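To start, the structure itself, in structure tokens.
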Amino acid sequence: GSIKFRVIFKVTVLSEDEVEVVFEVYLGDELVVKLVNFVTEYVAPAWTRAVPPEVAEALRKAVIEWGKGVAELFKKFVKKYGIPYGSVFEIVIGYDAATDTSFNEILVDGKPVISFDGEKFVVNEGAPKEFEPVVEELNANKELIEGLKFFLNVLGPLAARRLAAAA
Numbered sequence: 003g004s005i006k007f008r009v010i011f012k013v014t015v016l017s018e019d020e021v022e023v024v025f026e027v028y029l030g031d032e033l034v035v036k037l038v039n040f041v042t043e044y045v046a047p048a049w050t051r052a053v054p055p056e057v058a059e060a061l062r063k064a065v066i067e068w069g070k071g072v073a074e075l076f077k078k079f080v081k082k083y084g085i086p087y088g089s090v091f092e093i094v095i096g097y098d099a100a101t102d103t104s105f106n107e108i109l110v111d112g113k114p115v116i117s118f119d120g121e122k123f124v125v126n127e128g129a130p131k132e133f134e135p136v137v138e139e140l141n142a143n144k145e146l147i148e149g150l151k152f153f154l155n156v157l158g159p160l161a162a163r164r165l166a167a168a169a
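If you read the sequence shown in my numbering, its first letter stands for residue 3, the second for the next number, and so on.
As structure tokens, this is what we get:
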């Protein structure tokens, strides 16, 4: 029945003190949750029937905590590192129940210049040297790293399985 699970996390810098933070949850091709600036803008029946309230509340708390952290750090990349306004940082996480495997894909302004290997960020081969300080600042934030690992390996799979089992 569909077992394709993805979460899209996007930060768009609007100004040195303003970012737009978007979280989208997909089961197959269907959007089931959308948060914009931490405001719940859409929740599908597929989500509410699948995820118990106590669990949904823990997941929401987790995303908001981590997302606000990432937002704050991105405010600094623009003010300090001169990253342009309108820059987009996107992370896709996915989970396949058929193989019990997680994955992530990262784009900076639509480009694969950074990856996350399960433990840390790395600047990919051939990518601009100006990403080295950013990756350093990412890996320095041990809470951000711990949180991403916990989403990849624990909370994303947990939500995925609930959604699949109710579809």
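Every residue, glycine too, gets a C-beta built ideally from N, C-alpha and C.
#1: Would you give the residue range spanned by the alpha helix (DSSP H) that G96 belongs to?
#2: With distances taken from CA atoms, which of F79, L146, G149 is nearest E132?
#3: Determine which residues share a DSSP beta bridge with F152 and list them.
#4: Comparing C-alpha positions only, which one of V21, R163, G71, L150 sits nearest to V90?
#5: From what residue to what residue does the alpha helix (DSSP H) around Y83 run?
#6: Between which two residues does the beta strand (DSSP E) holding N141 run?
#7: Thinking C-beta only, is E32 closer than 8 Å to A52?
#8: Kindly examine the ligand PLP and report whether one of its heavy atoms sits closer than 7 Å to the Cβ of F152.
#9: Where does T42 fall in DSSP's three states?
The relevant details are as follows:
#1: For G96, there is no enclosing alpha helix (DSSP H); the enclosing beta strand (DSSP E) covers residues 90 to 98.
#2: Taking only the C-alpha atoms, the option nearest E132 is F79.
#3: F152 has no beta-bridge partner at all, per DSSP.
#4: Nearest option by C-alpha distance: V21.
#5: Taken as a continuous stretch (DSSP letters only), the alpha helix (DSSP H) holding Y83 covers 55 to 83.
#6: No beta strand (DSSP E) holds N141; the alpha helix (DSSP H) holding it covers 134 to 142.
#7: Not in contact: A52 and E32 (Cβ atoms no closer than 8 Å).
#8: No copy of the ligand PLP appears in this structure; indeed no ligand is present at all.
#9: In the three-state scheme derived from DSSP, where H, G and I count as helix and E and B as strand, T42 is classed as strand.
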